[PDB]
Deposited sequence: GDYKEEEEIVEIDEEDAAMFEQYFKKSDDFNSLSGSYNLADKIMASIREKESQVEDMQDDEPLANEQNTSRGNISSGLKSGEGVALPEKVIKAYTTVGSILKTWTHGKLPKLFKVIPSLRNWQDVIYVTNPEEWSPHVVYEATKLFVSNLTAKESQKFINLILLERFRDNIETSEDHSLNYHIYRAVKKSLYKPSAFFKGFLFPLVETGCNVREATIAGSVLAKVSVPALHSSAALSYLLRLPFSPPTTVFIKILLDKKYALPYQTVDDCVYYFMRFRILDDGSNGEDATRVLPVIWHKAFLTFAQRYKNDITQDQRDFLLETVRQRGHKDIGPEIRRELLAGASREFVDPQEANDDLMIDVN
């Protein structure tokens, strides 16, 4: 257990943080990232009762002063939870703009964001509104092609869900250069929703949302020249079996306009 001087001091800073909106953060709060056991002390400040102002400033403070591994824990244990809590309990299921900007700031350490925020989110019942808000952050902030690609590969290997597909589409829309292994993962992903006349899983017949088709189309526009002829044929077949009324022809068109790598 903690020294009672610690508990007493950081219980009070905790109360200050409930209503803090401007000025300098309490000095004792600003030394927390300089502490080895910052996790033990931070909890005493009662993070879930911090003002949204403090969430923002704390995110700046902690993400830029902790190591990536440590940042990742902050992002996950505090930022992510606040993001979800606030969206679920608000009357219009919107995110307070301070928290919103906190999530943008956390993308400055893209690896701590993907491991601390995004992957836990899509793997723990992310809903469509959560993916739409977090997705808009991901769309607006530049991320290194390398980390972007690696996150795309990770999401493509996950089981299907519409919110995951939202993020997949966002990362495709970045239209960054992709390592050929991520291109391959994209092909394998869209492929796996086709019907193989023997063994099929749910993906072959499940209903596909419009967002899956826009993702397919996006991948087709940007990356038509980076796939093999074999891969082009699997995707053209995917569009034949699973294509969409309006988007399907566009996808086919883009796929046929591509030259093999």
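Within the chain's deposited sequence, the coordinate-free stretches run 1 to 84, 282, 347 to 363 in sequence order.
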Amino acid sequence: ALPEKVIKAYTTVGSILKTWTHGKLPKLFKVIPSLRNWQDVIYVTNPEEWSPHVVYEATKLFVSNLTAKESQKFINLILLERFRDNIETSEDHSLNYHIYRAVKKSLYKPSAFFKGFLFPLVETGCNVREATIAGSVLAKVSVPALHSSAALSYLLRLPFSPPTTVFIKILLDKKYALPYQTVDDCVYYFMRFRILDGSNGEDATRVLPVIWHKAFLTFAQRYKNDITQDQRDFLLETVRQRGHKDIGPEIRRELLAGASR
From here on, numbers count along this sequence of modelled residues.
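The PDB entry records a higher mean C-alpha B factor for 180 to 188 than for its counterpart among 117 to 125 and 180 to 188. In this crystal structure, the stretch out of 212 to 220 and 23 to 31 whose C-alpha atoms carry the higher mean B factor is 23 to 31. Among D173, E91, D85, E130, the highest C-alpha B-factor recorded in the PDB entry belongs to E91. Among the modelled residues of its chain, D233 has a C-alpha B-factor that falls in the highest third according to the deposited record.
The deposited CA B-factor of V44 belongs to the middle third of values across its chain.
Sorting the modelled residues of the chain by their CA temperature factor places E57 in the lowest third. Residue-level temperature factors show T67 in the middle third of its chain, judged at the C-alpha atom. Placement of the Cα temperature factor of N200 within the chain: highest third of the modelled residues, per the deposited record.
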